[PDB]
Every structure is written in C-alpha cells, then in structure tokens.
file my_file_11.pdb (PDB, C-alpha atoms and all ligand atoms)
ATOM      1  CA  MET A   1     -10.806   2.004   3.032
ATOM      2  CA  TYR A   2     -10.118   5.016   5.248
ATOM      3  CA  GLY A   3      -9.993   8.380   3.491
ATOM      4  CA  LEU A   4      -6.244   8.587   4.046
ATOM      5  CA  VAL A   5      -5.668   5.992   1.343
ATOM      6  CA  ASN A   6      -7.774   7.870  -1.180
ATOM      7  CA  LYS A   7      -6.023  11.137  -0.268
ATOM      8  CA  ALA A   8      -2.659   9.491  -0.997
ATOM      9  CA  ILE A   9      -3.979   8.394  -4.383
ATOM     10  CA  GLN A  10      -5.154  11.901  -5.213
ATOM     11  CA  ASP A  11      -1.876  13.386  -4.016
ATOM     12  CA  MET A  12       0.253  10.969  -6.018
ATOM     13  CA  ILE A  13      -1.738  11.547  -9.206
ATOM     14  CA  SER A  14      -1.795  15.335  -8.700
ATOM     15  CA  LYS A  15       1.937  15.453  -7.974
ATOM     16  CA  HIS A  16       3.015  13.147 -10.805
ATOM     17  CA  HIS A  17       0.486  14.201 -13.453
ATOM     18  CA  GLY A  18      -1.228  17.466 -12.477
ATOM     19  CA  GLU A  19      -4.618  18.531 -11.106
ATOM     20  CA  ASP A  20      -6.281  18.334 -14.515
ATOM     21  CA  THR A  21      -5.285  14.695 -14.789
ATOM     22  CA  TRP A  22      -6.515  14.055 -11.234
ATOM     23  CA  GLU A  23      -9.838  15.711 -12.050
ATOM     24  CA  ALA A  24     -10.253  13.576 -15.165
ATOM     25  CA  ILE A  25      -9.547  10.430 -13.140
ATOM     26  CA  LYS A  26     -11.856  11.473 -10.326
ATOM     27  CA  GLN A  27     -14.659  12.166 -12.799
ATOM     28  CA  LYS A  28     -14.028   8.899 -14.646
ATOM     29  CA  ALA A  29     -14.093   7.106 -11.272
ATOM     30  CA  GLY A  30     -17.599   8.471 -10.659
ATOM     31  CA  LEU A  31     -16.482  10.676  -7.781
ATOM     32  CA  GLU A  32     -17.030  14.196  -9.120
ATOM     33  CA  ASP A  33     -19.422  15.098  -6.287
ATOM     34  CA  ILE A  34     -16.841  14.450  -3.544
ATOM     35  CA  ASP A  35     -15.141  17.802  -2.834
ATOM     36  CA  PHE A  36     -12.395  16.237  -0.722
ATOM     37  CA  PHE A  37     -11.573  12.961   1.006
ATOM     38  CA  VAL A  38     -11.764  12.898   4.797
ATOM     39  CA  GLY A  39      -8.624  11.198   6.060
ATOM     40  CA  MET A  40      -9.975   9.643   9.254
ATOM     41  CA  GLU A  41     -13.350   8.661   7.755
ATOM     42  CA  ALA A  42     -14.184   5.219   6.336
ATOM     43  CA  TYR A  43     -15.180   4.914   2.647
ATOM     44  CA  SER A  44     -16.507   1.976   0.662
ATOM     45  CA  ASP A  45     -13.610   0.000  -0.829
ATOM     46  CA  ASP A  46     -15.368   0.637  -4.164
ATOM     47  CA  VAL A  47     -14.101   4.212  -4.053
ATOM     48  CA  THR A  48     -10.502   2.978  -4.137
ATOM     49  CA  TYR A  49     -10.959   0.269  -6.773
ATOM     50  CA  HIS A  50     -12.751   2.798  -8.995
ATOM     51  CA  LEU A  51      -9.823   5.207  -8.697
ATOM     52  CA  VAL A  52      -7.372   2.446  -9.604
ATOM     53  CA  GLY A  53      -9.413   1.483 -12.659
ATOM     54  CA  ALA A  54      -9.916   5.090 -13.704
ATOM     55  CA  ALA A  55      -6.221   5.860 -13.215
ATOM     56  CA  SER A  56      -5.307   2.862 -15.354
ATOM     57  CA  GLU A  57      -7.612   4.006 -18.182
ATOM     58  CA  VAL A  58      -6.721   7.698 -18.200
ATOM     59  CA  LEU A  59      -2.982   7.118 -17.793
ATOM     60  CA  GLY A  60      -2.838   4.196 -20.212
ATOM     61  CA  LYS A  61      -1.010   2.036 -17.658
ATOM     62  CA  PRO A  62      -1.890  -1.463 -16.533
ATOM     63  CA  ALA A  63      -3.608  -1.245 -13.136
ATOM     64  CA  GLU A  64      -1.042  -3.615 -11.640
ATOM     65  CA  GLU A  65       1.757  -1.325 -12.747
ATOM     66  CA  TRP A  66      -0.032   1.714 -11.339
ATOM     67  CA  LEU A  67      -0.654  -0.055  -8.034
ATOM     68  CA  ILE A  68       3.056  -0.828  -7.728
ATOM     69  CA  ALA A  69       3.887   2.885  -8.045
ATOM     70  CA  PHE A  70       1.187   3.690  -5.519
ATOM     71  CA  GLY A  71       2.483   1.168  -2.997
ATOM     72  CA  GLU A  72       5.946   2.684  -3.314
ATOM     73  CA  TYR A  73       4.411   6.170  -2.897
ATOM     74  CA  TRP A  74       2.622   5.151   0.324
ATOM     75  CA  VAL A  75       5.902   4.629   2.154
ATOM     76  CA  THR A  76       6.864   8.250   1.484
ATOM     77  CA  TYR A  77       3.336   9.611   1.961
ATOM     78  CA  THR A  78       2.779   8.142   5.436
ATOM     79  CA  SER A  79       6.218   9.303   6.555
ATOM     80  CA  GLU A  80       5.435  12.856   5.485
ATOM     81  CA  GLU A  81       1.769  13.273   6.331
ATOM     82  CA  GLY A  82       1.663  12.473  10.042
ATOM     83  CA  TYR A  83       2.983   8.930  10.499
ATOM     84  CA  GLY A  84       6.755   9.493  10.368
ATOM     85  CA  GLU A  85       7.449   8.599  13.983
ATOM     86  CA  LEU A  86       5.168   5.559  13.799
ATOM     87  CA  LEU A  87       7.059   4.366  10.699
ATOM     88  CA  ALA A  88      10.417   4.968  12.368
ATOM     89  CA  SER A  89       9.311   3.012  15.428
ATOM     90  CA  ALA A  90       8.656  -0.089  13.297
ATOM     91  CA  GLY A  91      12.350  -0.666  12.640
ATOM     92  CA  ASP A  92      15.719   0.000  11.043
ATOM     93  CA  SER A  93      15.819  -2.767   8.426
ATOM     94  CA  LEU A  94      13.500  -4.451   5.952
ATOM     95  CA  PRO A  95      13.192  -7.761   7.794
ATOM     96  CA  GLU A  96      12.620  -6.101  11.183
ATOM     97  CA  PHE A  97      10.037  -3.746   9.690
ATOM     98  CA  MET A  98       8.110  -6.650   8.125
ATOM     99  CA  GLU A  99       8.162  -8.497  11.463
ATOM    100  CA  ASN A 100       6.702  -5.372  13.106
ATOM    101  CA  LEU A 101       4.089  -4.628  10.454
ATOM    102  CA  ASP A 102       1.176  -6.390  12.176
ATOM    103  CA  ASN A 103       2.022  -4.474  15.351
ATOM    104  CA  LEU A 104       2.314  -1.225  13.392
ATOM    105  CA  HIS A 105      -1.200  -1.786  12.019
ATOM    106  CA  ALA A 106      -2.466  -2.707  15.491
ATOM    107  CA  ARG A 107      -1.217   0.736  16.576
ATOM    108  CA  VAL A 108      -2.924   2.336  13.589
ATOM    109  CA  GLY A 109      -6.064   0.394  14.511
ATOM    110  CA  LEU A 110      -6.121   2.053  17.926
ATOM    111  CA  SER A 111      -6.911   5.316  16.102
ATOM    112  CA  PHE A 112      -8.770   3.901  13.074
ATOM    113  CA  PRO A 113     -11.400   1.775  14.871
ATOM    114  CA  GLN A 114     -12.850   0.306  11.670
ATOM    115  CA  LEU A 115      -9.454  -0.733  10.265
ATOM    116  CA  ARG A 116      -9.243  -3.939   8.224
ATOM    117  CA  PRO A 117      -5.468  -4.185   8.112
ATOM    118  CA  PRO A 118      -3.493  -6.718   6.105
ATOM    119  CA  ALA A 119      -1.663  -9.488   7.986
ATOM    120  CA  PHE A 120       2.011 -10.169   7.223
ATOM    121  CA  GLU A 121       3.957 -13.204   8.391
ATOM    122  CA  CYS A 122       7.685 -13.663   7.783
ATOM    123  CA  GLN A 123       9.445 -16.986   7.364
ATOM    124  CA  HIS A 124      13.160 -16.270   7.298
ATOM    125  CA  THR A 125      15.172 -18.522   5.021
ATOM    126  CA  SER A 126      18.477 -16.796   5.758
ATOM    127  CA  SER A 127      19.758 -13.550   7.280
ATOM    128  CA  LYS A 128      19.250 -12.088   3.791
ATOM    129  CA  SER A 129      16.025 -13.706   2.589
ATOM    130  CA  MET A 130      12.531 -14.636   3.608
ATOM    131  CA  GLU A 131       9.224 -15.985   2.474
ATOM    132  CA  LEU A 132       6.527 -13.375   3.099
ATOM    133  CA  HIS A 133       2.885 -14.310   3.683
ATOM    134  CA  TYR A 134       0.349 -11.587   2.881
ATOM    135  CA  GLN A 135      -3.202 -12.232   4.063
ATOM    136  CA  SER A 136      -6.033  -9.800   3.427
ATOM    137  CA  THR A 137      -9.819  -9.466   3.470
ATOM    138  CA  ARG A 138      -9.420  -7.739   0.082
ATOM    139  CA  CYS A 139      -8.687  -8.805  -3.497
ATOM    140  CA  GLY A 140      -6.227  -7.377  -5.964
ATOM    141  CA  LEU A 141      -3.674  -5.652  -3.758
ATOM    142  CA  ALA A 142      -0.634  -7.908  -4.248
ATOM    143  CA  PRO A 143       0.921  -5.484  -6.719
ATOM    144  CA  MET A 144       0.580  -2.702  -4.151
ATOM    145  CA  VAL A 145       2.501  -4.932  -1.742
ATOM    146  CA  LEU A 146       5.272  -5.280  -4.325
ATOM    147  CA  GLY A 147       5.559  -1.496  -4.572
ATOM    148  CA  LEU A 148       5.499  -1.145  -0.793
ATOM    149  CA  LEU A 149       8.411  -3.558  -0.533
ATOM    150  CA  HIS A 150      10.398  -1.456  -3.009
ATOM    151  CA  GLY A 151       9.469   1.685  -1.089
ATOM    152  CA  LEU A 152      10.793   0.039   2.068
ATOM    153  CA  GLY A 153      13.934  -0.997   0.189
ATOM    154  CA  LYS A 154      14.557   2.651  -0.662
ATOM    155  CA  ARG A 155      13.802   3.688   2.920
ATOM    156  CA  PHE A 156      16.409   1.314   4.318
ATOM    157  CA  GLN A 157      18.870   1.738   1.405
ATOM    158  CA  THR A 158      18.533  -1.961   0.765
ATOM    159  CA  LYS A 159      18.418  -3.831  -2.527
ATOM    160  CA  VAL A 160      15.235  -5.889  -2.615
ATOM    161  CA  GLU A 161      14.472  -8.703  -5.058
ATOM    162  CA  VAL A 162      10.873  -9.876  -4.823
ATOM    163  CA  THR A 163       8.996 -12.557  -6.712
ATOM    164  CA  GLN A 164       5.396 -13.630  -6.044
ATOM    165  CA  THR A 165       5.077 -17.396  -5.586
ATOM    166  CA  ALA A 166       1.434 -17.870  -4.564
ATOM    167  CA  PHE A 167      -1.683 -16.040  -5.733
ATOM    168  CA  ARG A 168      -4.832 -15.284  -3.694
ATOM    169  CA  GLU A 169      -6.740 -14.751  -6.928
ATOM    170  CA  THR A 170      -5.963 -18.134  -8.458
ATOM    171  CA  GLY A 171      -7.815 -19.782  -5.593
ATOM    172  CA  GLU A 172      -4.646 -20.442  -3.583
ATOM    173  CA  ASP A 173      -4.900 -19.637   0.113
ATOM    174  CA  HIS A 174      -3.043 -16.325   0.138
ATOM    175  CA  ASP A 175      -0.332 -14.336  -1.615
ATOM    176  CA  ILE A 176       3.220 -15.407  -0.853
ATOM    177  CA  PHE A 177       6.453 -13.692  -1.923
ATOM    178  CA  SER A 178      10.068 -14.821  -1.987
ATOM    179  CA  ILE A 179      12.313 -11.916  -1.078
ATOM    180  CA  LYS A 180      16.112 -11.466  -1.092
ATOM    181  CA  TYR A 181      17.697  -8.338   0.397
ATOM    182  CA  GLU A 182      21.213  -6.927   0.715
ATOM    183  CA  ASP A 183      22.923  -3.609   1.466
TER     184      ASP A 183
HETATM  185  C1  LIG B 201       5.124   1.241   5.300
HETATM  186  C2  LIG B 201       4.835  -0.057   5.172
HETATM  187  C3  LIG B 201       3.356  -0.464   5.058
HETATM  188  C4  LIG B 201       2.925  -1.531   4.399
HETATM  189  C5  LIG B 201       3.822  -2.532   3.624
HETATM  190  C6  LIG B 201       1.479  -1.553   4.516
HETATM  191  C7  LIG B 201       0.644  -2.478   3.952
HETATM  192  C8  LIG B 201      -0.706  -2.266   3.747
HETATM  193  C9  LIG B 201      -1.541  -2.964   2.797
HETATM  194  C10 LIG B 201      -1.046  -4.067   1.826
HETATM  195  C11 LIG B 201      -2.791  -2.489   2.900
HETATM  196  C12 LIG B 201      -3.999  -2.949   2.038
HETATM  197  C13 LIG B 201      -5.207  -3.409   2.852
HETATM  198  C14 LIG B 201      -5.420  -4.897   2.700
HETATM  199  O1  LIG B 201      -4.471  -5.572   2.244
HETATM  200  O2  LIG B 201      -6.527  -5.405   3.047
HETATM  201  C15 LIG B 201      -2.797  -1.466   3.936
HETATM  202  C16 LIG B 201      -3.893  -0.737   4.371
HETATM  203  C17 LIG B 201      -3.862   0.337   5.246
HETATM  204  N1  LIG B 201      -2.748   0.821   5.945
HETATM  205 FE1  LIG B 201      -0.876  -0.031   5.890
HETATM  206  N2  LIG B 201       1.073  -0.473   5.295
HETATM  207  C18 LIG B 201       2.226   0.218   5.647
HETATM  208  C19 LIG B 201       2.295   1.351   6.427
HETATM  209  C20 LIG B 201       1.233   2.044   6.955
HETATM  210  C21 LIG B 201       1.306   3.225   7.803
HETATM  211  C22 LIG B 201       2.567   3.982   8.326
HETATM  212  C23 LIG B 201       0.058   3.581   8.077
HETATM  213  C24 LIG B 201      -0.324   4.789   8.949
HETATM  214  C25 LIG B 201      -1.538   5.325   8.823
HETATM  215  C26 LIG B 201      -0.857   2.647   7.445
HETATM  216  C27 LIG B 201      -2.237   2.672   7.506
HETATM  217  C28 LIG B 201      -3.090   1.941   6.709
HETATM  218  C29 LIG B 201      -4.494   2.227   6.522
HETATM  219  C30 LIG B 201      -5.344   3.352   7.153
HETATM  220  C31 LIG B 201      -5.006   1.159   5.567
HETATM  221  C32 LIG B 201      -6.455   1.026   5.037
HETATM  222  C33 LIG B 201      -7.072  -0.229   5.654
HETATM  223  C34 LIG B 201      -8.544   0.012   5.906
HETATM  224  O3  LIG B 201      -9.017   1.143   5.647
HETATM  225  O4  LIG B 201      -9.244  -0.919   6.378
HETATM  226  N3  LIG B 201      -0.102   1.722   6.761
HETATM  227  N4  LIG B 201      -1.507  -1.360   4.422
HETATM  228 XE    XE B 202      -2.195   1.430   1.650
HETATM  229 XE    XE B 203      -5.002   1.208  -3.361
END
call {"tool": "encode", "arguments": {"input": "my_file_11.pdb", "output": "structure tokens"}}
result
Amino acid sequence: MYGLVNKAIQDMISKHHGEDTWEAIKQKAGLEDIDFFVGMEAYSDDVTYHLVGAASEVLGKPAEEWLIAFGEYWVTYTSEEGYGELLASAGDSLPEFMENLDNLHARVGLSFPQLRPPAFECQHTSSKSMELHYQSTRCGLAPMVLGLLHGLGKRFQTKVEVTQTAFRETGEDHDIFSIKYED
C-alpha cells in the first residue's frame, strides 16, 4: 500500500504507546532499515501486514482488534494530515459518505496512480439502515472497515451498529455488513 498508510500506523502506535514501542514493533516487523515511510510512494502490501502482525504480538492484542482501532484512527489521521477538505467533500452523514466513497477514492487515485482502492456499494434498507458491500483485492481488512465505520460514526455524531454478515475469507464472494444508524 502507499506509504501514507504505513505512516498512519507508525503515528498511531507512537501516539498511543510511545516511540520505544513503535521501534520494537518496527524491528519485529523486519523493517529496522527503513528510516521513514514515504507517503506518496508505493510499498509492498507485505510491509503493512507485517506491521499488523508485529503490533499484535508486541501489544498483546488480537490483530483484528488492533485493526479496528487503526481503521477508526484513519478517519482522524486523513482529516488532519492533508485530506480534510477531501473528506468534508464526501458528505455530511454516514449514508451519504458511504455512497460517495468510491468517488472519494477515484479522486485519491488521480494523485496516487497505483492505487488499488476498495469498492463500497450501499443497499439501503431504510432511511436508518443499509447493507454494505465491501469488495477488495486484499485479504484480512474487514476489521479495519469496522473501525472505519465507527470513526465515521464519531465524525458525524451518529450511533452506528454494525454486524458482518458475509466473509471474504470463508470463500464467500465478498464481505457484507448490516448497519443501523441514528442521531
Ligand atoms: C474515511 C473513510 C474511508 C474509508 C472507510 C476508507 C476505506 C479504505 C479501505 C478499507 C482501504 C483498504 C484497501 C483495500 O481494501 O484493498 C483503503 C485504502 C486506502 N485509502 Fe481509503 N478510506 C477512507 C478514506 C480515505 C481518505 C480520506 C484517503 C485520502 C488519502 C484514503 C486513501 C487511501 C489510500 C492511499 C489507501 C491504500 C490503497 C493502496 O495503496 O492501494 N482513504 N481505504
Ligand atoms: Xe486505510
Ligand atoms: Xe492496515
């Protein structure tokens, strides 16, 4: 993934746990040589998965749980590190934002030419609920999506109840979530 993602990981770990903890994770991930991540440069996805695994081990958290926190963090990180106006432009509510997400990533992809963005499709079941389809070229990121949804809930001061109903990993086509939301 692009360096930006790995920078967010480093920043979250450093902020929540300290530089020493980050260094331990970075070493454990096999990344000691890398002095810094380059935000607009592409890295092997392996770099990210290794950080997740190393974070899980050092912190003593399940990786899924850690990925949820990271997904929530991303919503704040992007808004603060150069993508605040882009985020704002994608909407004023959770369901509008999710409808705009593919277009938001298309905009990102203008600048990040190698982007492999996720694809999100909404099927609205009421004015306060939807079924969300998450399609990706990558494995393992559903729990990050859960955190992102909670991050968006906070952003829009909206209560969000989310349950995963289909699993990419268990052979099923793609991840699907049932979501209810209210003010
Ligand atoms: C705020 C709501 C957002 C959600 C829910 C979201 C969702 C995701 C997800 C799930 C991925 C994982 C990649 C995959 O599934 O294959 C991803 C990747 C990525 N996103 Fe978004 N995203 C959001 C906002 C943003 C914003 C504001 C930016 C601005 C830079 C951004 C840029 C990226 C980048 C650079 C990647 C790495 C993909 C790659 O390197 O190929 N995202 N996003
Ligand atoms: Xe991300
Ligand atoms: Xe990640």
call {"tool": "residues_near_ligand", "arguments": {"input": "my_file_11.pdb", "ligand": "ligand LIG 201 (chain B)", "cutoff": "6 Å", "atoms": "only C-alpha atoms and all ligand atoms", "output": "VMD selection string"}}
result
chain A and resid 1 to 2 75 78 83 87 108 115 to 118 136 to 138 145 148
call {"tool": "atom_distance", "arguments": {"input": "my_file_11.pdb", "atom1": "CA of residue 8 (chain A)", "atom2": "CA of residue 92 (chain A)"}}
result
23.9 Å
call {"tool": "residues_near_ligand", "arguments": {"input": "my_file_11.pdb", "ligand": "ligand XE 203 (chain B)", "cutoff": "10 Å", "atoms": "only C-alpha atoms and all ligand atoms", "output": "CSV table (one decimal) with C-alpha atoms, in the frame of the given file"}}
result
chain,number,residue,atom,x,y,z
A,1,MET,CA,-10.8,2.0,3.0
A,5,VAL,CA,-5.7,6.0,1.3
A,6,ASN,CA,-7.8,7.9,-1.2
A,8,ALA,CA,-2.7,9.5,-1.0
A,9,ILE,CA,-4.0,8.4,-4.4
A,45,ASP,CA,-13.6,0.0,-0.8
A,47,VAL,CA,-14.1,4.2,-4.1
A,48,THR,CA,-10.5,3.0,-4.1
A,49,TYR,CA,-11.0,0.3,-6.8
A,50,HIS,CA,-12.8,2.8,-9.0
A,51,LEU,CA,-9.8,5.2,-8.7
A,52,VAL,CA,-7.4,2.4,-9.6
A,66,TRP,CA,0.0,1.7,-11.3
A,67,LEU,CA,-0.7,-0.1,-8.0
A,68,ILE,CA,3.1,-0.8,-7.7
A,70,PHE,CA,1.2,3.7,-5.5
A,71,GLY,CA,2.5,1.2,-3.0
A,74,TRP,CA,2.6,5.2,0.3
A,140,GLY,CA,-6.2,-7.4,-6.0
A,141,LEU,CA,-3.7,-5.7,-3.8
A,143,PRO,CA,0.9,-5.5,-6.7
A,144,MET,CA,0.6,-2.7,-4.2
A,145,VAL,CA,2.5,-4.9,-1.7
call {"tool": "closest_residue", "arguments": {"input": "my_file_11.pdb", "among": "A:85, A:161, A:41, A:72", "to": "ligand XE 202 (chain B)", "atoms": "all atoms listed in the file"}}
result
A:72
call {"tool": "residues_around", "arguments": {"input": "my_file_11.pdb", "residues": "region 149-160 of chain A", "least_positions_apart": "3", "cutoff": "12 Å", "atoms": "all atoms listed in the file", "output": "NGL selection string"}}
result
:A and (68-79 or 84 or 87-88 or 90-98 or 101 or 128-130 or 132 or 134 or 142-146 or 163-164 or 177-183)
call {"tool": "write_last_selection", "arguments": {"input": "my_file_11.pdb", "atoms": "C-alpha atoms", "output": "mmCIF file, keeping the file's coordinate frame"}}
result
data_model
loop_
_atom_site.group_PDB
_atom_site.id
_atom_site.type_symbol
_atom_site.label_atom_id
_atom_site.label_comp_id
_atom_site.auth_asym_id
_atom_site.auth_seq_id
_atom_site.Cartn_x
_atom_site.Cartn_y
_atom_site.Cartn_z
ATOM 1 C CA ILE A 68 3.056 -0.828 -7.728
ATOM 2 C CA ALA A 69 3.887 2.885 -8.045
ATOM 3 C CA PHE A 70 1.187 3.690 -5.519
ATOM 4 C CA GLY A 71 2.483 1.168 -2.997
ATOM 5 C CA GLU A 72 5.946 2.684 -3.314
ATOM 6 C CA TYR A 73 4.411 6.170 -2.897
ATOM 7 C CA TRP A 74 2.622 5.151 0.324
ATOM 8 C CA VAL A 75 5.902 4.629 2.154
ATOM 9 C CA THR A 76 6.864 8.250 1.484
ATOM 10 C CA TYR A 77 3.336 9.611 1.961
ATOM 11 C CA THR A 78 2.779 8.142 5.436
ATOM 12 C CA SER A 79 6.218 9.303 6.555
ATOM 13 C CA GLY A 84 6.755 9.493 10.368
ATOM 14 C CA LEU A 87 7.059 4.366 10.699
ATOM 15 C CA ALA A 88 10.417 4.968 12.368
ATOM 16 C CA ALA A 90 8.656 -0.089 13.297
ATOM 17 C CA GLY A 91 12.350 -0.666 12.640
ATOM 18 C CA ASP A 92 15.719 0.000 11.043
ATOM 19 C CA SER A 93 15.819 -2.767 8.426
ATOM 20 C CA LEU A 94 13.500 -4.451 5.952
ATOM 21 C CA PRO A 95 13.192 -7.761 7.794
ATOM 22 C CA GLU A 96 12.620 -6.101 11.183
ATOM 23 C CA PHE A 97 10.037 -3.746 9.690
ATOM 24 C CA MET A 98 8.110 -6.650 8.125
ATOM 25 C CA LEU A 101 4.089 -4.628 10.454
ATOM 26 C CA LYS A 128 19.250 -12.088 3.791
ATOM 27 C CA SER A 129 16.025 -13.706 2.589
ATOM 28 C CA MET A 130 12.531 -14.636 3.608
ATOM 29 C CA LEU A 132 6.527 -13.375 3.099
ATOM 30 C CA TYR A 134 0.349 -11.587 2.881
ATOM 31 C CA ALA A 142 -0.634 -7.908 -4.248
ATOM 32 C CA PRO A 143 0.921 -5.484 -6.719
ATOM 33 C CA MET A 144 0.580 -2.702 -4.151
ATOM 34 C CA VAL A 145 2.501 -4.932 -1.742
ATOM 35 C CA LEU A 146 5.272 -5.280 -4.325
ATOM 36 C CA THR A 163 8.996 -12.557 -6.712
ATOM 37 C CA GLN A 164 5.396 -13.630 -6.044
ATOM 38 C CA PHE A 177 6.453 -13.692 -1.923
ATOM 39 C CA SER A 178 10.068 -14.821 -1.987
ATOM 40 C CA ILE A 179 12.313 -11.916 -1.078
ATOM 41 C CA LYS A 180 16.112 -11.466 -1.092
ATOM 42 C CA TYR A 181 17.697 -8.338 0.397
ATOM 43 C CA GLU A 182 21.213 -6.927 0.715
ATOM 44 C CA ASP A 183 22.923 -3.609 1.466
#
call {"tool": "atom_distance", "arguments": {"input": "my_file_11.pdb", "atom1": "CA of residue 43 (chain A)", "atom2": "CA of residue 99 (chain A)"}}
result
28.3 Å
call {"tool": "resolve_selection", "arguments": {"input": "my_file_11.pdb", "expression": "the PyMOL selection byres (((chain A and resi 37) around 8) and not hetatm)", "output": "PyMOL selection string"}}
result
chain A and resi 3-4+6-7+34-36+38-39
call {"tool": "atom_distance", "arguments": {"input": "my_file_11.pdb", "atom1": "CA of residue 173 (chain A)", "atom2": "CA of residue 139 (chain A)"}}
result
12.0 Å
call {"tool": "closest_residue", "arguments": {"input": "my_file_11.pdb", "among": "A:21, A:82, A:30, A:105", "to": "ligand XE 202 (chain B)", "atoms": "all atoms listed in the file"}}
result
A:105
call {"tool": "closest_residue", "arguments": {"input": "my_file_11.pdb", "among": "A:14, A:165, A:135, A:89", "to": "residue 121 (chain A)", "atoms": "all atoms listed in the file"}}
result
A:135
call {"tool": "residues_around", "arguments": {"input": "my_file_11.pdb", "residues": "residue 62 (chain A)", "least_positions_apart": "6", "cutoff": "10 Å", "atoms": "all atoms listed in the file", "output": "PyMOL selection string"}}
result
chain A and resi 52-53+55-56
